[PDB]
Amino acid sequence: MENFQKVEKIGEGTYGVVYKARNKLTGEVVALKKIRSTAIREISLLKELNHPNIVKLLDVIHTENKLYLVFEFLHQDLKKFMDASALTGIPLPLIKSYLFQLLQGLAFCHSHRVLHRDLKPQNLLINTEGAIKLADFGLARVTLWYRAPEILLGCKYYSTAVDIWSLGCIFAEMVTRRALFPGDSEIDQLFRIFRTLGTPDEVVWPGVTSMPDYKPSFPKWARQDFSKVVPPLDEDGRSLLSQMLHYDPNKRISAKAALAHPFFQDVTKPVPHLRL
Ligand SMILES: NS(=O)(=O)c1ccc(Nc2cncc(Cl)n2)cc1
């Protein structure tokens, strides 16, 4: 729009390009998302879901039959910071803090029946104060890596539990500095999950064999021990990770119960060292 001035492209998201821009009135620096009546109304509902761990939706501009979303701007995403930190890894107290703030954002959005659906490191925004915020939230109203097994098996009516799964994938990833389930198609994603966690069955996930894309021809893999999966994570963290990675979405821990997990007993808020 004319009221703005792109400083630069800073992403191509699922929903079109993303720009750093300045408001020519306010002088504020914002993130500008160009999209590409229900989308209009649901959008403007999103403008009210405000919280410290949720990137603020500043303004929704429907003009010339286009739809720009103006967000509070942050300088770094977690993918970038994770690469920057690949040599020693993010320190555990900072992994823990990030995990805890994200679970707060999730808890908050979930309490309004709003879900993200597409969590992944690049949607996770960090600042110099040691905060981390969830961006893009509620707008599904290429990466398969963080996708919950119920989405993969063709569940159309999935829950908040899907975000808990993605965040569990991102938690593991921060700890080990490798992607947990780097699938490069839908079946390969599914089968990577099966190989680590065991092919699910009616015992561990009642109803699984009834899902749309479940095939009885699925190979049957035995589950691996978590000590092998996310070392050198302590038994608190692994415990918590296993409850986030439950197959049954009704067994999977809520963001709210996860906040009360013993892992979080010694949580602090360290500050990262960022090169902006
Ligand atoms: N430079 S970076 O890769 O860490 C990066 C890339 C894109 C964005 N995008 C952004 C910034 N503020 C708000 C929103 Cl919604 N998106 C940030 C950092």
Side-chain angles (χ1 to χ4, degrees), residues 1-84 94 97-98 101-102 104-143 163 166-167 170 269 271-276:
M1 193 257 301
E2 351 108 14
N3 278 301
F4 291 89
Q5 62 169 237
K6 301 171 205 315
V7 308
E8 62 163 341
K9 192 186 316 164
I10 58 174
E12 345 297 300
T14 273
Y15 294 128
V17 292
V18 185
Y19 296 85
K20 188 190 201 178
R22 176 189 306 281
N23 194 305
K24 295 156 160 163
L25 34 142
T26 63
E28 72 185 340
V29 165
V30 301
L32 214 214
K33 211 199 177 178
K34 304 175 189 290
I35 305 309
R36 280 350 141 158
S37 56
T38 46
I40 314 294
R41 255 114 45 172
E42 177 170 4
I43 266 180
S44 308
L45 228 182
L46 281 200
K47 210 184 308 74
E48 266 60 80
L49 186 68
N50 300 123
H51 175 108
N53 304 110
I54 302 289
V55 176
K56 208 197 170 166
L57 182 50
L58 263 12
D59 282 310
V60 180
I61 302 183
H62 186 210
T63 287
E64 260 72 56
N65 301 102
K66 319 272 313 77
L67 200 274
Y68 305 85
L69 305 185
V70 193
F71 290 101
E72 169 207 358
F73 170 88
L74 289 79
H75 290 79
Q76 193 151 133
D77 70 49
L78 182 73
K79 169 144 181 186
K80 220 254 210 171
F81 181 72
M82 281 188 76
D83 301 334
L94 185 58
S97 164
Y98 280 180
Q101 301 180 51
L102 269 7
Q104 297 180 67
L106 263 47
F108 174 78
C109 288
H110 293 353
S111 65
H112 296 98
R113 300 136 255 117
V114 183
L115 27 154
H116 190 101
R117 205 224 81 73
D118 191 29
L119 282 184
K120 75 199 102 149
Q122 30 257 293
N123 280 348
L124 271 29
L125 298 191
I126 63 156
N127 70 21
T128 51
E129 263 59 24
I132 182 152
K133 311 197 178 186
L134 294 135
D136 277 7
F137 217 103
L139 3 118
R141 296 163 311 249
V142 294
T143 307
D163 296 334
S166 320
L167 189 58
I170 297 164
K269 202 212 267 215
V271 305
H273 179 66
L274 345 85
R275 193 37 42 231
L276 301 177

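Counting begins at 1 with the first residue of the sequence. Atoms considered below: every heavy atom in the structure, side chains included; atoms not considered: hydrogens, waters and symmetry mates.
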Work out which heavy atom in [X] is nearest to a heavy atom in [Y]; give both atom names and the distance.
{"X": "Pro272", "Y": "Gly130", "answer": "CD-CA, 3.5 Å"}
{"X": "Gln76", "Y": "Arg275", "answer": "NE2-O, 3.3 Å"}
{"X": "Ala135", "Y": "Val55", "answer": "CB-CG2, 3.4 Å"}

Short side-chain to backbone donor-acceptor contact, [X] and [Y], under 3.5 Å:
{"X": "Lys20", "Y": "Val29", "value": "no"}
{"X": "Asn3", "Y": "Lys24", "value": "no"}
{"X": "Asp163", "Y": "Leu119", "value": "no"}
{"X": "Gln104", "Y": "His51", "value": "no"}

4.5 Å side-chain heavy-atom contact, [X] and [Y]:
{"X": "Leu134", "Y": "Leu124", "result": "yes"}
{"X": "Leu49", "Y": "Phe108", "result": "yes"}
{"X": "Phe71", "Y": "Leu57", "result": "yes"}
{"X": "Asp136", "Y": "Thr14", "result": "no"}
{"X": "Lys269", "Y": "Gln101", "result": "yes"}
{"X": "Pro121", "Y": "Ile170", "result": "yes"}
{"X": "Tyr19", "Y": "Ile10", "result": "no"}
{"X": "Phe73", "Y": "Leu58", "result": "no"}

Within this structure, what is the [atom1]-[atom2] distance for the pair [X] and [Y], rounded to the nearest 0.5 Å?
{"X": "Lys120", "Y": "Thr143", "atom1": "NZ", "atom2": "OG1", "result": "6.0 Å"}
{"X": "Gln5", "Y": "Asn23", "atom1": "CD", "atom2": "CG", "result": "9.5 Å"}
{"X": "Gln122", "Y": "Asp77", "atom1": "CD", "atom2": "CG", "result": "6.5 Å"}
{"X": "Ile126", "Y": "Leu274", "atom1": "CD1", "atom2": "CG", "result": "5.0 Å"}
{"X": "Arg141", "Y": "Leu46", "atom1": "CZ", "atom2": "CG", "result": "9.5 Å"}
{"X": "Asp59", "Y": "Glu28", "atom1": "CG", "atom2": "CD", "result": "7.5 Å"}

Around [X], counting heavy atoms of other residues, nucleotides and ligands shown, do more than 12 lie under 6.0 Å from its [atom1]?
{"X": "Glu64", "atom1": "CD", "result": "no"}
{"X": "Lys34", "atom1": "NZ", "result": "yes"}
{"X": "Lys66", "atom1": "NZ", "result": "yes"}

**Asked** Under the 6.0 Å and 45° cation-pi test, does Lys33 pair with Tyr15?
**Response** no
**Asked** With respect to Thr128, which candidate in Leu276, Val271, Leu74 satisfies the side chain to side chain contact (heavy atoms under 4.5 Å, CB included) definition?
**Response**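 Of the listed residues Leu276, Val271, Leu74, the side chain to side chain contact (heavy atoms under 4.5 Å, CB included) partner of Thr128 is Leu276.
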